[PDB]
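Here the structure comes first, spelled out in structure tokens, and everything after it is commentary.
Here is how names work: the chains are called A, B, and so on, in the same order as the sequence lines, proteins then strands, and each is numbered from 1. For ligands, and for the atoms within them, numbers begin at 1 and follow the listed sequence. The basis for the numbers below is simple: all heavy atoms, side chains too, and nothing from hydrogens, waters or symmetry mates.
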Amino acid sequence: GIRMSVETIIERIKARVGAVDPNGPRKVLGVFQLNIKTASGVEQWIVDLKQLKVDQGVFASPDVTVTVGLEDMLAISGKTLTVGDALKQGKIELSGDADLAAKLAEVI
Amino acid sequence: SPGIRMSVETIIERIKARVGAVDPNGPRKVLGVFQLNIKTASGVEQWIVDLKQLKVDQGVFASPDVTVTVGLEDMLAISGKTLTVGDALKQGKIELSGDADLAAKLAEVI
Ligand SMILES: CCCCCCCCCCCCCCCC(=O)O
Ligand SMILES: CCCCCCCCCCCCCCCC(=O)O
Ligand SMILES: CCCCCCCCCCCCCCCC(=O)O
């Protein structure tokens, strides 16, 4: 169901963010607003890659905003859908800083 | 060098063919000016792809919506259908700045 699916994707993002070495080489320093479209409503999360924290909310001036459907997120996570294909199919909506967006695409 | 010249001309002819194909009054979602910087061994080839007016010109635009910096061989492969824009990004082959919405809308239309 929706809640288990959302919880799963968020825990996976939290694991990846926690795996970053704060002092190691880093390219993606920004705050990402994540809007997850679900059949029930939108789940709103803040992925702060500068401070390395993931919190629920809507950040005031995110560097990048990402809006994507839940099922597509799960597909990208399990590698049944590539980011380039998701892009080609118009499955991701972005606003904000193109540089930070491109650098994110490189590390997913 | 002739090899570089032919590759650049081919890239630009292809972009011009594509932009000339667009119906000015049909559905359009990529309305912006893209600065295209193509790195070669002979220096940077600088081109303005204006998708608002649907013109391609050599030059450096003062304030483009998106700047795209890409190597010659990668840009050749992208224009020749052998490298997808998507895989280019994943591989870190494109440098972007500016408007993410317009960058993504462009990745959708090719
Ligand atoms: C909110 C945008 C969509 C979801 C963001 C994906 C987050 C998954 C984990 C990202 C790991 C970032 C790697 C950082 C290393 C670096 O800065 O170079
Ligand atoms: C212009 C480039 C767009 C880049 C944005 C890519 C989409 C970000 C959201 C994809 C979800 C990835 C989360 C999966 C986390 C994981 O399983 O490791
Ligand atoms: C960013 C990678 C390379 C960029 C080079 C631009 C490629 C030529 C652009 C042609 C796209 C024309 C389609 C636009 C129609 C529309 O606005 O919906």
Using a strict threshold of under 4.0 Å (side-chain N to carboxylate O), is an ion pair present between A/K91 and A/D72? yes
Compare all side-chain heavy atoms of A/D63 with those of A/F32 and state whether any distance is below 4.5 angstrom. no
Is it the case that ligand 1 has an N or O less than 3.5 angstrom from some N or O of A/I108? no
Give yes or no for whether the N/O distance cutoff of 3.5 Å, strictly under, is met between A/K27 and ligand 1. yes
Decide if atom CD of B/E73 counts as having more than 12 heavy atoms of other residues, nucleotides or ligands within a radius under 6.0 Å. no
Should you measure from each heavy atom of B/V68, which atoms of ligand 3 turn up under 4.0 Å away? 1 (C)
Backbone N or O of A/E7 within a donor-acceptor pair of the A/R12 side chain at under 3.5 Å? no
Top protein contact for atom 17 (O) of ligand 2, by heavy-atom distance: A/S77 OG, 2.5 Å
Does B/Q35 use its side chain to pair, donor to acceptor, with the backbone of B/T69 at less than 3.5 Å? no
Classify the contact between B/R28 and ligand 3 as side chain, backbone, both or neither, using a heavy-atom distance cut-off of under 4.0 Å. both
Element-labelled atoms of ligand 3 that are located less than 4.0 Å from some non-hydrogen atom of B/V30: 16 (C), 17 (O), 18 (O)
Nearest non-hydrogen protein atom, atom 18 (O) of ligand 2: A/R16 CD, 2.7 Å
Residue, atom name and distance, where the atom is the protein heavy atom closest to atom 11 (C) of ligand 2: A/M73 CE, 3.8 Å
Protein heavy-atom partner closest to atom 3 (C) of ligand 1 - residue, atom, separation in Å: A/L34 CD1, 4.0 Å
Closer than 3.5 angstrom, by distance alone: can the side chain of A/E106 be matched with the main-chain N or O of B/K90 as a donor-acceptor pair? no
The atoms of ligand 1 lying under 4.0 Å from a heavy atom of A/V47, numbered in the order shown, are 1 (C)
Can you check whether A/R12 has an N/O within less than 3.5 Å of an N/O in ligand 2? no
Can an N or O of B/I94 be found at a distance shorter than 3.5 Å from an N or O of ligand 3? no
Atom 12 (C) of ligand 3 sits nearest the protein heavy atom B/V22 CG2, 3.9 Å
Does A/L70 reach the side chain of A/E43, with side-chain heavy atoms less than 4.5 Å apart? no
I want to confirm something. Looking only at heavy atoms, which of A/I76, B/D101, A/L74 is nearest to atom 10 (C) of ligand 2? A/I76
Check each heavy atom of B/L96 against ligand 3 and say whether those closer than 4.0 Å belong to the side chain, the backbone, both or neither. neither
Here the atoms of ligand 1 under 4.0 Å from any heavy atom belonging to A/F32 are 1 (C), 2 (C)
Report the nearest protein non-hydrogen atom to atom 6 (C) of ligand 1: residue, atom name, distance rounded to 0.1 Å. A/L104 CD1, 4.4 Å
Can you list the ligand 2 atoms lying under 4.0 Å from a non-hydrogen atom of A/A105? 2 (C), 4 (C)
Return the closest protein heavy atom for atom 13 (C) of ligand 2 as residue, atom name and distance. A/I13 CG1, 4.3 Å
